[PDB]
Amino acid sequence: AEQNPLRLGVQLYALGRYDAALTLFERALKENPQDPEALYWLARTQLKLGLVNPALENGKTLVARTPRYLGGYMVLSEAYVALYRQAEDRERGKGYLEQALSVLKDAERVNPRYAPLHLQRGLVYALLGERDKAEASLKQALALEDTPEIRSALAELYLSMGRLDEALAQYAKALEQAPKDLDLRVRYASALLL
């Protein structure tokens, strides 16, 4: 009963139709109110739909009742970053980022070989203006899973650091893995606009 709605929700999510994804994940919960996987996806969809607080609360209940599930930390982790961008105060933002680093670290204890974590950790160090630590985490991420998405983050961290030639090199590589990626082409183009 929760299979169909949950399965279709994951597909639509991958298709970028979050609003439709949300409703399916809700039906997934009305059938299995606890299920961390539905809550995880629900939360992920909420972050995409700009619904921060609700996703922060779902991440919280995910780490609290299923501390062994990486989803909770990931969801919770991204939620703090959103709150950081929305940081009313400058110092208020650092705290949230600090929390994101902390939760990512705890997740690292549950699995050190998970690419997404190292990716998120790098994205968090960058927001912290910690270019140095960001690269190592991203390279770490890449060492685990060489993918276009990570080559792009790396690229992004190079534009932030001022390593333009190196950023362009990472896009060129990312584009070889997925040559028909328009998202990727635009970043490469915009970057070429040096």
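Position 1 is the first residue in the sequence shown; the rest follow in order.
Between 85-93 and 68-76, it is 85-93 that carries the larger average Cα temperature factor according to the deposited entry.
Of the two stretches examined, 51-59 and 148-156, the record assigns the greater average C-alpha temperature factor to 51-59. Residue 112 sits in the highest third of its chain by CA B factor, as recorded in the PDB entry.
Residue 191: CA B factor lies in the lowest third for its chain, per the PDB record.
In this PDB entry, the Cα temperature factor of residue 161 sits in the top third of its chain's modelled residues, the highest group. Among the modelled residues of its chain, residue 39 has a C-alpha B-factor that falls in the lowest third, as given in the PDB entry.
Among the modelled residues of its chain, residue 169 has a C-alpha B-factor that falls in the lowest third according to the deposited record.
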